[PDB]
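Okay, so here's the structure we're looking at.
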Amino acid sequence: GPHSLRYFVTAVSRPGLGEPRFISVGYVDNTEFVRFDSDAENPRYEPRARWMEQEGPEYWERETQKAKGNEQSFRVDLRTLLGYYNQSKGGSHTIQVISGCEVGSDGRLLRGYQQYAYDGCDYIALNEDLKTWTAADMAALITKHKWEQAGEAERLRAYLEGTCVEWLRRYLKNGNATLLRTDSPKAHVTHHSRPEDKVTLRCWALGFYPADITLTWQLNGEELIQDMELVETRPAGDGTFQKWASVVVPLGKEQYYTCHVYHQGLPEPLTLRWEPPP
Amino acid sequence: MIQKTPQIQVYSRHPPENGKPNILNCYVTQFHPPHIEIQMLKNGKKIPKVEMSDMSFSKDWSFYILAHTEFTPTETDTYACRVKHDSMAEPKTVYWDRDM
Amino acid sequence: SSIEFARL
């Protein structure tokens, strides 16, 4: 299906503590494959996914120098923004960027990204047409006018449709087998007491991958999406994910409810019910 | 400046069973700025050996990270995750609930 | 591969 290559970059100023902390993370289909962290005696891009060690020492040297170059630009950018927003040199600020492309199953570009944020708020972004810019505030307008004059949008469109896509194709074919990895969830229902004549049924989905999943509770075949609680999907820490959804039901009516688990790893959705140990 | 309050989840990697070694997690998401202080507690006392994953950020710009420690649950021991972040006046303590 | 960022 549709795939993507994106870099999530962060620069955080640390006045009075040292140089800004600079981090660049590369993703292929929401999976981290490379990372550069300036917090090292000799920082360099490092592989984060096995299939990347297939690249030669020339690739890493080049990427590393490019990241060191961006670290410098961001260092300057942090100073520039202190001016644009009339802020002191004693506070910590953050600059973030999401740069990348998404392609279709035919390998062609579906959309490119290049968006900035200052202290957690949108700053400037390249529009879908890949020619114009959307500034978030007055400070961003100064940047917009510079980039419009220098033809920055044109430079990015060339990178997005060319370099970005070409390398994504290369990556996708090197990690395809790994990227298509699938781990089905194992589910079960737990029973918990509630004040008075009610009880809670909690449906667990454990050890699945990727994180995308849907859990539902039905009462006699109808989906119950109102008074149903659920937690955000969370990492188990071993590469797989967890999630649960619960509903409060009348004591003695547990058999009227069924849990449904939908995940791309399953041959078909899982259907479960509370099972009192015989 | 702008700040986002961290959301916290405390839970085990494996179904908790008294006496059997496990791993306790403190998943912290949706916060900004990135500077954050995370401590895990056992019966109110800070746990020394607590590992931290690398920090990352999502599409909405907010950061997330996972802190974890080895532990062997019992019926009476209490665990919690305490987070200090500029978005909150005081540190936030979330207790581990075996059923969640 | 990443792109070299322009300055703000």
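By convention in this document, the chains of the structure tokens carry letters A, B, ... by their order, each chain's residues are numbered from 1, and ligands are numbered from 1 in the order they are shown.
If you count only C-alpha atoms and ignore residues fewer than 2 places along the chain from region 2-7 of chain C, what sits within 9 Å of it is residues 6, 7, 26, 63, 66, 67, 69, 70, 73, 74, 76, 77, 99, 100, 143, 147, 152, 156, 159, 163 and 164 of chain A.
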Only residues of chain A matter here; which ones have an atom within 6 Å of chain B, counting only C-alpha atoms? Give them as a PyMOL selection string. chain A and resi 119-120+236
Can you list, as a short mmCIF file (atom, residue, chain, number, x, y, z; two decimals) with C-alpha atoms, in the first residue's frame, every protein, DNA or RNA residue that comes within 12 Å of region 40-43 of chain A when you count only C-alpha atoms, leaving out same-chain residues fewer than 5 positions away?
data_model
loop_
_atom_site.label_atom_id
_atom_site.label_comp_id
_atom_site.auth_asym_id
_atom_site.auth_seq_id
_atom_site.Cartn_x
_atom_site.Cartn_y
_atom_site.Cartn_z
CA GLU A 19 25.16 23.69 22.95
CA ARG A 21 20.56 19.26 21.81
CA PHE A 22 20.01 18.26 18.17
CA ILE A 23 18.24 15.04 17.14
CA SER A 24 17.26 13.74 13.72
CA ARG A 35 18.89 8.36 14.26
CA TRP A 60 26.77 6.99 7.04
CA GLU A 61 29.67 9.40 6.63
CA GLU A 63 24.42 11.37 6.23
CA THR A 64 26.37 12.27 9.38
CA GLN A 65 27.96 15.34 7.81
CA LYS A 66 24.55 16.39 6.48
CA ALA A 67 23.08 16.11 9.98
CA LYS A 68 26.00 18.05 11.44
CA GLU A 71 22.60 20.99 13.49
#
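Checking B:97, B:8, B:74, B:82 one by one against residue 44 (chain B), counting only C-alpha atoms, you find the shortest gap at B:82.
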Which residue, B:40, B:73, B:5, B:64, has the smallest gap to residue 20 (chain B) when you use only C-alpha atoms?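 The shortest atom-to-atom distance to residue 20 (chain B) comes from B:73.
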Which value, in Å to one decimal, gives the distance between CA of residue 172 (chain A) and CA of residue 209 (chain A)?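 Between these atoms lies a distance of 18.3 Å.
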Would you pick out the contacts of residue 76 (chain B) at 12 Å or less, using only C-alpha atoms, so that residues sharing its chain but fewer than 2 positions from it are not included, and give the list as a PDB file with C-alpha atoms, in the first residue's frame?
ATOM      1  CA  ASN B  18       2.488 -12.437  42.352  1.00  0.00           C
ATOM      2  CA  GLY B  19       6.054 -13.650  42.797  1.00  0.00           C
ATOM      3  CA  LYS B  42       7.943   1.366  45.231  1.00  0.00           C
ATOM      4  CA  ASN B  43       5.857   1.900  48.368  1.00  0.00           C
ATOM      5  CA  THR B  72       8.375  -8.726  41.050  1.00  0.00           C
ATOM      6  CA  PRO B  73       4.796  -7.852  42.081  1.00  0.00           C
ATOM      7  CA  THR B  74       3.207  -9.040  45.322  1.00  0.00           C
ATOM      8  CA  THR B  78       2.420  -0.389  45.763  1.00  0.00           C
ATOM      9  CA  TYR B  79       3.987   1.062  42.610  1.00  0.00           C
ATOM     10  CA  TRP B  96      -0.089   1.049  39.116  1.00  0.00           C
ATOM     11  CA  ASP B  97      -3.460  -0.690  39.001  1.00  0.00           C
ATOM     12  CA  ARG B  98      -3.117  -4.448  38.349  1.00  0.00           C
TER      13      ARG B  98
END
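One finds CA of residue 13 (chain A) at 5.1 Å from CA of residue 92 (chain A).
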If DSSP is run on the backbone, what residues of chain B are strand (DSSP E or B)? A reply as a PyMOL selection string would be ideal. chain B and resi 4+7-12+22-32+37-42+45-46+51-52+56-57+63-71+79-84+92-95
Save out the residues we just selected, N, CA and C atoms, as a short mmCIF file (atom, residue, chain, number, x, y, z; two decimals), in the first residue's frame.
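Ended up saving to selection-v6.cif:
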data_model
loop_
_atom_site.label_atom_id
_atom_site.label_comp_id
_atom_site.auth_asym_id
_atom_site.auth_seq_id
_atom_site.Cartn_x
_atom_site.Cartn_y
_atom_site.Cartn_z
N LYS B 4 2.09 21.49 26.90
CA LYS B 4 1.13 20.40 26.88
C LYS B 4 1.40 19.49 28.08
N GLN B 7 0.37 12.85 29.53
CA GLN B 7 -0.62 11.84 29.84
C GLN B 7 0.25 10.66 30.29
N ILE B 8 -0.20 9.94 31.30
CA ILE B 8 0.60 8.85 31.84
C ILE B 8 -0.11 7.52 31.99
N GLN B 9 0.57 6.45 31.62
CA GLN B 9 0.02 5.11 31.80
C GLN B 9 1.09 4.28 32.52
N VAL B 10 0.68 3.55 33.55
CA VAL B 10 1.59 2.69 34.31
C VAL B 10 1.03 1.28 34.20
N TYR B 11 1.87 0.35 33.76
CA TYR B 11 1.39 -1.01 33.54
C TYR B 11 2.56 -1.98 33.35
N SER B 12 2.28 -3.28 33.46
CA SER B 12 3.30 -4.31 33.29
C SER B 12 3.38 -4.83 31.86
N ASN B 22 8.76 -9.51 36.42
CA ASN B 22 8.05 -8.86 35.32
C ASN B 22 8.78 -7.56 35.00
N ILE B 23 8.12 -6.70 34.23
CA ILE B 23 8.69 -5.42 33.88
C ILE B 23 7.58 -4.39 34.01
N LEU B 24 7.83 -3.34 34.77
CA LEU B 24 6.84 -2.29 34.96
C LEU B 24 7.16 -1.13 34.04
N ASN B 25 6.14 -0.62 33.36
CA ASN B 25 6.29 0.49 32.43
C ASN B 25 5.57 1.76 32.86
N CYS B 26 6.14 2.89 32.44
CA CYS B 26 5.56 4.20 32.67
C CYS B 26 5.66 4.86 31.30
N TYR B 27 4.55 4.87 30.58
CA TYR B 27 4.49 5.45 29.25
C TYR B 27 4.01 6.89 29.39
N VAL B 28 4.84 7.84 28.97
CA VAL B 28 4.52 9.26 29.08
C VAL B 28 4.42 9.88 27.70
N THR B 29 3.27 10.46 27.39
CA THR B 29 3.04 11.04 26.08
C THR B 29 2.40 12.43 26.15
N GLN B 30 2.26 13.03 24.98
CA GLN B 30 1.61 14.32 24.81
C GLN B 30 2.18 15.50 25.59
N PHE B 31 3.49 15.55 25.80
CA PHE B 31 4.05 16.67 26.54
C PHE B 31 4.97 17.56 25.70
N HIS B 32 5.09 18.82 26.13
CA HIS B 32 5.92 19.81 25.45
C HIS B 32 6.04 20.95 26.45
N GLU B 37 11.04 15.03 33.91
CA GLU B 37 11.68 14.21 34.94
C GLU B 37 10.74 13.07 35.34
N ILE B 38 11.20 11.84 35.18
CA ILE B 38 10.39 10.66 35.50
C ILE B 38 11.05 9.76 36.54
N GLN B 39 10.29 9.42 37.58
CA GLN B 39 10.78 8.53 38.63
C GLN B 39 9.73 7.47 38.86
N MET B 40 10.18 6.26 39.17
CA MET B 40 9.27 5.18 39.47
C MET B 40 9.43 4.94 40.96
N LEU B 41 8.32 4.66 41.64
CA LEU B 41 8.35 4.48 43.09
C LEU B 41 7.79 3.14 43.57
N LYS B 42 8.40 2.61 44.63
CA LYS B 42 7.94 1.37 45.23
C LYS B 42 7.62 1.69 46.69
N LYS B 45 8.96 4.95 47.82
CA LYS B 45 10.39 5.24 47.69
C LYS B 45 10.91 5.06 46.27
N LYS B 46 11.66 6.06 45.80
CA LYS B 46 12.23 6.04 44.46
C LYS B 46 13.00 4.75 44.16
N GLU B 51 15.23 2.45 33.55
CA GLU B 51 15.71 2.74 32.21
C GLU B 51 14.75 3.64 31.45
N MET B 52 15.30 4.40 30.51
CA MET B 52 14.55 5.34 29.69
C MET B 52 14.78 5.05 28.21
N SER B 56 10.99 10.61 21.46
CA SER B 56 10.56 10.84 20.09
C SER B 56 9.39 11.81 20.16
N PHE B 57 8.94 12.30 19.01
CA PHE B 57 7.78 13.18 19.01
C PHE B 57 6.84 12.78 17.88
N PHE B 63 5.94 15.28 22.54
CA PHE B 63 6.91 14.23 22.79
C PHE B 63 6.37 13.03 23.56
N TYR B 64 7.07 11.91 23.45
CA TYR B 64 6.69 10.71 24.17
C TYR B 64 7.93 9.88 24.49
N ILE B 65 7.85 9.09 25.56
CA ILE B 65 8.98 8.30 26.01
C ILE B 65 8.49 7.20 26.93
N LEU B 66 9.27 6.14 27.05
CA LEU B 66 8.91 5.02 27.90
C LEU B 66 9.99 4.76 28.94
N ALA B 67 9.58 4.70 30.19
CA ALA B 67 10.48 4.42 31.29
C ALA B 67 10.06 3.05 31.79
N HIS B 68 11.03 2.22 32.15
CA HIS B 68 10.69 0.89 32.65
C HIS B 68 11.71 0.37 33.65
N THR B 69 11.27 -0.56 34.48
CA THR B 69 12.13 -1.15 35.49
C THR B 69 11.71 -2.60 35.73
N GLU B 70 12.65 -3.41 36.21
CA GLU B 70 12.35 -4.80 36.50
C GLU B 70 11.63 -4.78 37.84
N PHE B 71 10.74 -5.73 38.06
CA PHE B 71 10.04 -5.79 39.33
C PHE B 71 9.30 -7.11 39.49
N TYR B 79 3.09 0.43 43.57
CA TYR B 79 3.99 1.06 42.61
C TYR B 79 3.35 2.28 41.97
N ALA B 80 4.19 3.24 41.61
CA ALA B 80 3.71 4.46 41.00
C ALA B 80 4.78 5.08 40.13
N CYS B 81 4.34 5.97 39.26
CA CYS B 81 5.23 6.70 38.38
C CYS B 81 5.00 8.17 38.69
N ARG B 82 6.08 8.89 38.96
CA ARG B 82 5.98 10.31 39.29
C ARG B 82 6.66 11.13 38.20
N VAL B 83 5.92 12.09 37.66
CA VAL B 83 6.42 12.92 36.59
C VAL B 83 6.43 14.40 36.94
N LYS B 84 7.56 15.04 36.67
CA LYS B 84 7.71 16.47 36.91
C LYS B 84 7.86 17.11 35.53
N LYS B 92 3.20 14.94 39.09
CA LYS B 92 2.03 14.06 39.00
C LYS B 92 2.40 12.60 39.29
N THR B 93 1.70 11.99 40.24
CA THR B 93 1.95 10.60 40.60
C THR B 93 0.78 9.71 40.19
N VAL B 94 1.07 8.73 39.35
CA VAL B 94 0.07 7.78 38.86
C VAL B 94 0.41 6.41 39.42
N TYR B 95 -0.55 5.79 40.10
CA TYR B 95 -0.34 4.48 40.69
C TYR B 95 -0.65 3.32 39.77
#
I need the helix (DSSP H, G or I) residues of region 119-242 of chain A per DSSP on the backbone, written as a ChimeraX atom specification. /A:138-149,152-179
Selection: 6 Å around region 187-189 of chain A, only C-alpha atoms, excl. self and same-chain fewer than 5 positions, as JSON, numbers by chain: {"A": [202, 203, 204, 205, 274]}
List the spatial neighbours of residue 231 (chain A) as an MDAnalysis selection string - criterion: any atom at most 7 Å away, only C-alpha atoms, same-chain residues fewer than 6 positions off excluded. chainID A and resid 243:245
Those same residues, written as a PDB file, in the first residue's frame with N, CA, C and O atoms?
ATOM      1  N   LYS A 243      -3.512  -3.062  24.473  1.00  0.00           N
ATOM      2  CA  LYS A 243      -4.676  -2.194  24.502  1.00  0.00           C
ATOM      3  C   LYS A 243      -5.823  -2.929  25.179  1.00  0.00           C
ATOM      4  O   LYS A 243      -5.840  -4.162  25.231  1.00  0.00           O
ATOM      5  N   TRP A 244      -6.755  -2.181  25.753  1.00  0.00           N
ATOM      6  CA  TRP A 244      -7.920  -2.814  26.339  1.00  0.00           C
ATOM      7  C   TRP A 244      -9.129  -1.903  26.259  1.00  0.00           C
ATOM      8  O   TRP A 244      -8.999  -0.686  26.110  1.00  0.00           O
ATOM      9  N   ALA A 245     -10.304  -2.510  26.320  1.00  0.00           N
ATOM     10  CA  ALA A 245     -11.555  -1.774  26.295  1.00  0.00           C
ATOM     11  C   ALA A 245     -12.447  -2.483  27.303  1.00  0.00           C
ATOM     12  O   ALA A 245     -12.442  -3.716  27.399  1.00  0.00           O
TER      13      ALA A 245
END
For residue 106 (chain A): contacts at 12 Å, only C-alpha atoms, fewer than 6 positions along chain excluded, given as a PDB file with C-alpha atoms, in the first residue's frame:
ATOM      1  CA  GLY A   1       0.000   0.000   0.000  1.00  0.00           C
ATOM      2  CA  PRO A   2       1.022   3.674   0.479  1.00  0.00           C
ATOM      3  CA  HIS A   3       4.458   4.078   2.063  1.00  0.00           C
ATOM      4  CA  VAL A 165      11.145   8.971  -3.505  1.00  0.00           C
ATOM      5  CA  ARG A 169      12.101   2.910  -3.002  1.00  0.00           C
TER       6      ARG A 169
END
